Amino acid sequence: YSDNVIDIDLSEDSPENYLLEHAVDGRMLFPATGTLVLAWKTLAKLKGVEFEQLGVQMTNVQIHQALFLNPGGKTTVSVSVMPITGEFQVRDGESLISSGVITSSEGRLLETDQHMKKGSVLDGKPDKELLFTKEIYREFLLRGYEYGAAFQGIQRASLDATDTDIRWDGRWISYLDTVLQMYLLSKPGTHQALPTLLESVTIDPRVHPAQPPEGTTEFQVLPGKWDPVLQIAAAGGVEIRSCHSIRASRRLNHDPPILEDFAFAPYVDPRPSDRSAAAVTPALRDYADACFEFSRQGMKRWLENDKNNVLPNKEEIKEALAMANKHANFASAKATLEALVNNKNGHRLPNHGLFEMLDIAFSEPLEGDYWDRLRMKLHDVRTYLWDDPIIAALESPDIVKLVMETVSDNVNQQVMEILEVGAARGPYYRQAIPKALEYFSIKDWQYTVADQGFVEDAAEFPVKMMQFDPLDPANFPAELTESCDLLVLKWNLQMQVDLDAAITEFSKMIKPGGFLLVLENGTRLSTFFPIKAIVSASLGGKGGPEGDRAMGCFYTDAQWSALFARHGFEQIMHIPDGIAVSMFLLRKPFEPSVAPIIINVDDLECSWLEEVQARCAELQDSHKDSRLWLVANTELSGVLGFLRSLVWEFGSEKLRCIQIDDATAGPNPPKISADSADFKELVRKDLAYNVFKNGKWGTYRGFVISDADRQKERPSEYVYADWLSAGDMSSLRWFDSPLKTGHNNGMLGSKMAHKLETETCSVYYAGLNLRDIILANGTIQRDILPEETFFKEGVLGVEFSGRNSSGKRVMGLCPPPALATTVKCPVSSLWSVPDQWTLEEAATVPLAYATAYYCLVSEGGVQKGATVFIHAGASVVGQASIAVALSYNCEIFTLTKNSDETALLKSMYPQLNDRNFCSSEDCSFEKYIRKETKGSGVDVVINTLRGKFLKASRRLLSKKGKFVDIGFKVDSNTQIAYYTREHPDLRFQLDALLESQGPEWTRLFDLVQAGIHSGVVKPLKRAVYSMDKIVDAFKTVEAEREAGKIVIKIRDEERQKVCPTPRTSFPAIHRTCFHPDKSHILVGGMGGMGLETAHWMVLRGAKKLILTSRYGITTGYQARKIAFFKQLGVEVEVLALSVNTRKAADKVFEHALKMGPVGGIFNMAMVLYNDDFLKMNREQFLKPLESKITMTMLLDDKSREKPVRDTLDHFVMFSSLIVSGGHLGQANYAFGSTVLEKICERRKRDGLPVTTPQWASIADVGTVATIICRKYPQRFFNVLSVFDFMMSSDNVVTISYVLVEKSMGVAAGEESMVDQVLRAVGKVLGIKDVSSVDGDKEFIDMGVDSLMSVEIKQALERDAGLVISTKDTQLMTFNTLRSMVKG
Ligand SMILES: NC(=O)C1=CN([C@@H]2O[C@H](COP(=O)(O)OP(=O)(O)OC[C@H]3O[C@@H](n4cnc5c(N)ncnc54)[C@H](OP(=O)(O)O)[C@@H]3O)[C@@H](O)[C@H]2O)C=CC1
Ligand SMILES: *P(=O)(O)OCC(C)(C)[C@@H](O)C(=O)NCCC(=O)NCCSC(C)=O
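(A) Local environment of the sheet that holds strand β3 (residues 27-28). With respect to topology, 3 strands assemble into an open sheet ordered β3-β2-β9, the strand pairing being antiparallel. Edge positions in the open sheet fall to β3 and β9 (145-147), since each of these has one partner strand only. Across 3 bridges, the pairing between strand β2 (residues 22-24) and β9 is antiparallel. Note on β9: the bridge partner recorded for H22 is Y147.

(B) Region of interest: the site of ligand 1. Around ligand 1 sit 25 residues, and of these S1109, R1110, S1216, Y1229 and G1262 come closest. Those elements giving two or more residues to the shell around ligand 1 turn out to be α28 (1088-1099), β48 (1104-1109), α32 (1185-1190) and β52 (1215-1216). Residue classes in the shell around ligand 1 are distributed as 12 nonpolar, 10 polar and 3 charged.

(C) Just the pattern of salt bridges, in detail. All chains considered together, the criterion is met by 70 salt bridges. Here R241 ties to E111 by a salt bridge, and the two come within 3.2 Å at their closest N and O atoms. Separated by 130 residues along the polypeptide, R241 in the loop between β15 (238-240) and β16 (243-248) and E111 in the loop between β7 (99-102) and β8 (130-132) bring together distant segments of the chain. Using a relative accessible area of 36% as the deciding quantity, one classes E111 as partly exposed. Across the pair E995 and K751 runs a salt bridge, and its minimum N-O distance is 3.0 Å. Of this pair, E995 sits in helix α25 (residues 989-996) while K751 sits in the loop between β33 (732-736) and β34 (758-768), and the two are 244 residues apart along the sequence.

(D) A look at the nonpolar core. In terms of nonpolar packing, the biggest core is built from 86 residues, with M404 and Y447 touching the most fellow members. No other element matches helix α4 (residues 282-305), which puts 8 residues into this core. When residues no more than four places from it in sequence are discounted, the contact partners of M404 are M416, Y428, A432, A436, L437, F440 and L486. Counting 73 residues, the second-largest nonpolar core is a separate cluster that includes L604, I1106, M1191 and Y1297.

(E) Main features of the packing of helix α1 (residues 34-46) against helix α3 (residues 172-185). The interhelical angle for the contact between α1 and α3, taken along N-to-C directions, is 130°, at an axis separation of 8 Å. The orientation of α1 relative to α3 falls into the category oblique. Our pair here, α1 against α3, has a crossing hand that is right-handed. Facing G34, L36, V37 and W40 of α1, the residues of α3 in contact are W172, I173 and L176. The residue inventory of the contact of α1 with α3, partitioned by class, reads 6 nonpolar, 1 polar and no charged.

(F) Just helix α36 (residues 1227-1245), in detail. For α36, spanning 19 residues, the distance from its first C-alpha to its last is 28 Å, which sits close to the expected 27 Å at 1.5 Å a residue. With 16 of its 19 residues buried, α36 lies for the most part within the structure. Of the residues flanking the end of α36, it is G1247, one or two places downstream, whose phi is positive at about 80°.

(G) Examining the site of ligand 2 more closely. Surveying the vicinity of ligand 2 reveals 15 residues, the closest of which are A32, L194, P195, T196 and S1346. For ligand 2, an oxygen atom lies 2.5 Å from a polar atom in the side chain of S1346. Within the complex, 85% of the 610 Å² of free accessible area of ligand 2 lies under protein. The set of elements that each furnish at least two residues to the shell around ligand 2 consists of β2, β9 and β12 (192-203). The residue makeup of the shell around ligand 2, split by class, is 11 nonpolar, 4 polar and no charged.

(H) Fine view of the sheet that holds strand β50 (residues 1158-1163). Overall, parallel pairing links the 5 strands, which are arranged β49-β48-β47-β50-β51 in an open sheet. Because the sheet does not close on itself, it has two edges, and the strands there are β49 (1131-1136) and β51 (1210-1213). Taken pair by pair, the neighbouring strands of this sheet meet at an average axis angle of 15°, ignoring direction. Relative to β51, β50 is paired through 4 bridges, and the arrangement is parallel. Among the inter-strand pairings, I1161 is bridged to a residue of β51, identified as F1211. Strands in contact with α28 are β47 (1079-1083), β48 and β50; relative to β47, the strand with the most contacts, it is inclined by about 165°.

(I) Spatial organisation of α3. Between its terminal C-alpha atoms α3 stretches 20 Å, which fits the 20 Å expected from 14 residues at 1.5 Å a residue. Among the 14 residues of α3, 14 are classified as buried, and the element is accordingly described as predominantly covered.

(J) Structural detail: the packing of aromatic side chains. According to the stated counting rule, one finds 53 aromatic pairs in the structure shown. Taking 6.0 Å as the distance between ring centres and 20° as the angle between the ring planes, the aromatic pair formed by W560 and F564 counts as stacked. Of this pair, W560 and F564 both sit in helix α13 (residues 557-566), 4 residues apart, which is roughly one turn of that helix. Here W560 falls in the buried class, since its relative accessible area comes to 1%. A network of ring pairs unites the aromatic residues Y18, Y137, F140, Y145, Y147 and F151 as a single cluster. Over the ring of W371 we find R375, and its NZ or CZ is 4.3 Å from the ring centre. Between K1271 and the ring centre of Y1297, over which it is positioned, the NZ or CZ distance is 4.5 Å.

Reading the values: rules and limits
Residues numbered from 1 in each chain as written, not as in the entry; some residues may be left out. Chains lettered and ligands numbered in written order. Part of a larger assembly, values for the part shown. Heavy atoms only, no water. Residues with missing side-chain atoms left out of burial classes, pairs and counts. Pairing = 2+ DSSP bridges. Helix = DSSP H or I, 4+ residues; strand = E, 2+ residues; numbered from the N terminus. Near = heavy atom within 4 Å. Nonpolar A, V, L, I, M, F, W, Y, C, P; charged D, E, K, R; others polar. Salt bridge = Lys/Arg side-chain N within 4 Å of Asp/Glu carboxyl O. Buried < 20%, exposed > 50% of the residue type's maximum accessible area, 1.4 Å probe, protein only. Core = buried A, V, L, I, M, F, W, Y, C linked by side-chain atoms within 4.5 Å. Contact = heavy atoms within 4.5 Å. Axes fitted to C-alpha atoms, helices over the stretch in contact; angles between N-to-C directions. Parallel < 35°, antiparallel > 145°, perpendicular 65-115°, else oblique. Left-handed = near helix turned anticlockwise from the far one by under 90°. Expected span 1.5 Å × (residues − 1). Polar contact = N/O pair within 3.5 Å; in protein donor to acceptor, adjacent residues only side chain to side chain. Areas by Shrake-Rupley, 256 points an atom, 1.4 Å probe, with all protein chains shown as cover. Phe/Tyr/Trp six-rings, centres within 6.5 Å; stacked < 30°, edge-to-face > 60°. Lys NZ or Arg CZ within 6 Å of the ring centre and 35° of its normal.

Interpretation in functional terms is not warranted from these geometric data alone.
Next comes the structure, spelled out in structure tokens:
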């Protein structure tokens, strides 16, 4: 000698550790079939039998939450099976994780006879007609389902996935999941579907084979079958009937990718159009002038009002006015600058810092204790100068990265040593680290700050503090000699009395081949002086041959150059920010002792491989002064990426580059040839990469693209409303609409059967219904809508009012998205606006009355004089129902929230009296309605309320009475009724009718048309919201705080009645779309990236694909996907040829033009031979070069002639990060990739479309099928998210790579529970740094969805003792979050 507390041991060697091998987007969930084996093992205990000798049949199994497993942890769950009836729970405390009805039995329970099949039907088939375990679980991985070797049961399957071979290893949770995978494998797609309701599961172990013999290694495989007629996935002694799932937002396993623009930047004196030029916008120029005037007059007032003579450096102050007037009221100065500050015209500098401290240094009363007193006030607002547009113009992320990386390319060590002497006055770590150094992956860095004392602001940075006087040479610690590769001198070499002595000592600290970074004032030297004399104590700087220091510290920019040049310093970069400070990157000259060796690389046929190979072999045998110079005087040449890869195996101490771009070379092309003039200048600087482009020497650098630029809005003619993140109403934006191509996305599958006639109408007003709010806020997934909308771009908006193609005014309902600026409305759904309604009023009529007629006349069959009960009389559907019922001469009973709604309805309908209204707050209407109707009941009920109001409404139904239920938020039991066909689902019927537009719709169309003519259909009261307030409008609909219709105003109605709509553009976010009438060539599109991106193009509009591969279809994965595209309605064609000759190119474009005009050319072909450079012969060096040189050039040629030039829209050439960072062994691949990018850059020069993605590592599909160069591989769904941005952008080459960290690895100190949960809860929301976000912003404002709310609530229980409700996690901030744990 409740009913079962079951514990799952997730330990190192526990038998249930395999449950960790079942994840979904990194998170580890408890399988949906684990609640069946838990109820089946609890009924067996209840019946006193072994669980493997009991035959059960679970029905209507539901899953309400998801247990979140955890490595090395114990999770408990309580099952409870009701003895007689058979109702079971899997409760996990007070929260339900699953439910259903388990009912054991003895007779036969299995419906399908698969339990008798013995052998496998997938025998003797070719390998191209079969899917193996590698290919089956590549498809699941793409959708987020990550299964380990334990859950990888399906060992083989057919192309249609009907027949499979399932491994039987004796683990039932694993086995059942491998049978549920059959249902998953039968619904190809790209979204992540989470099972929620298994209608009928039948497990019969009596017919199942026995447990495998102990120690077995060759587990037997049972045949499996999928039955689409009945939706039964049967295998062995298991049968899972109809299952249902819900789309779930895919979560990013890693941190967001780092997008960059691989662009050329000049070294010295960049022009305003160059990327290394200081970002001095006209507004900043005005501020610089504005601050100059305020400083100057404040300088003069200082002189006059200093009657106490308590102003130090007064002689220096006087000199400032002398220079200020030479290089040229106080209240007006404040007025002008204050106007600049207080203005909010969009053109607004990030902050106005220099003025504020100048004001603080001028507004201070001139009394005793001035010098020391004011020193403290400004030292308190020192940050204002540091973060100030005027100063942060030579420290913009572009320039800082250029300095740090260009130094890194030339430093021939593994650790980059930096030294910022004088980090207390002018800090550079706060800019160098977050903007340039944190992105380093191939090279390590070691920052070291130094000043007189402790640098307080450097406490939080990964720098090393050092104590030594910076402004006193001859005492600099001798241990600093040859200690740094880079020496930063931000506002330091101006405060040393003898700068001639200053750098002489500094030049000894730099390593041989090191650099000096110098940032000093060089212009408008009277602007920053008011706040310099009063800080600096010994303002006694001595002059020199270059002149006399301005005031006593500064040297003019042209005189800084003279000093360094005189002392033997080569200017590497001299970016002369023209407003104030100027930059100087200097390196000591290199004097070679052996003649450098130049080798021409121009040839694209690699006729130079042998010469380069021999010299490269002689590198590590010569002087330290021997250098190999690979040169090239052509735009098309892969020297820049080729050298990067050679350095990865030979070191950067002997390899140099020179490339001259002929197209952009200036009037005087550099004549680099052995003993030349220009060449000798390069040898002295000794820069690893020298590129002559746009007329100046420079280098290629990856400039970061801010996260805000990915959502930058640009004008677009056709736009539509969608959500950036599902389930968020605050994420609604306007995207580019596919209607710019003429057609509408989603013409695949069912939508291809109904060939409706459509009219292209220009939307003027769009009405918002409660159907849109229910979809936007995540209350209902987009899968509940008719299946014709599955592939549509959006699902928001149905009704509208605008002008058809002829200029006539119209209104009507169309399949979504009608919340756009152009719609293709079927001609059978278009009414005409009578010439008395404004288009604003017509936007309120169509759906409200179409639903009202459907409910009353079409579904309830209302008759004259019948009684009707309408819920929510104040709603737009409710107001329409009252109007229609009144026209039918009925007795109306309505529910109103408050008295204001009653007042509105009585005024709107004078017929209604107070007797016809009730209260929606409590269920007292049932008594009143039954009494007032004398017990006969109501003939029709239009029901929207739920719970006890729904039951009460049904009980008022007459003997014939009809119940029309149009509520959206149905209960789980009600939803199962819809699935079971027990009840009809009428809440998405207007949507269903509009897709078909059959006899049932035409009845409503005629009804509403007659209603308009007879005066019953009248416009409703409305509130108009501008397009940009779309988010605000949606919230107002959801709140239901006031009665009325909400219509978004797209355009302005013209005074005429038949007039063309003017062409105008709307701000919108990018959304790439492909013309369905054009043919897209995907060269090498049968690979891993090509097949999964071709799917992406199909969803976005493409319907004519030509996939070319060297061999054609050769595997079961390729044959299955091609079959999927063709079934959808795509006109695919696989060509088994290689485009390496003109004839092959002609063939490809003969087939392409046969399908239709060419509208896209992609090249994802790749053959890679990895080996050591010195062990490559020519035949092996040009292996990758065929697909990346011999292919792109031929494709480029055909994309320049007619008719391809005019019709072509996209020209994508996939590249690799090897061109930007280099890699070991793939020297040939680097040469091929670099030439490919130089071809793409040429196209951009001629104005042709071009896009060159540069990926680092792609996870789900590709050659990876983990951490390379400290770079994580991207999930493919994220690749296509940034790929979309790449196409809709102006740059040519974009770099996308995911960084493991910026040092997190081996770095942490969390301890208190009050912080342990924060990182967990912060991680759940996808916030890498919890403290970064606001401590008062509600979680729903961040976009807290469900599953993400479930995890937070479950995480609190698992991590602490808190038990909260999901209703609070969406209104429960970070500050209140931290309070609960402590309590
Ligand atoms: N880790 C990654 O996945 C990365 C990918 N990239 C780029 O992505 C692109 C594709 O990646 P992936 O798809 O994984 O490469 P795969 O090797 O996965 O597939 C490459 C495809 O190229 C096709 N191909 C090769 N040569 C030719 C040719 N001469 N004519 C026609 N087709 C050809 C092959 O078809 P067959 O097999 O029939 O010859 C093969 O299916 C490549 O260009 C690569 O540079 C960039 C960075 C990293
Ligand atoms: P919101 O949309 O309210 O979230 C509802 C959720 C939590 C998703 C719930 O309805 C649900 O279905 N939870 C997940 C069920 C589950 O256990 N799935 C995992 C096993 S199946 C597998 C392939 O993931």
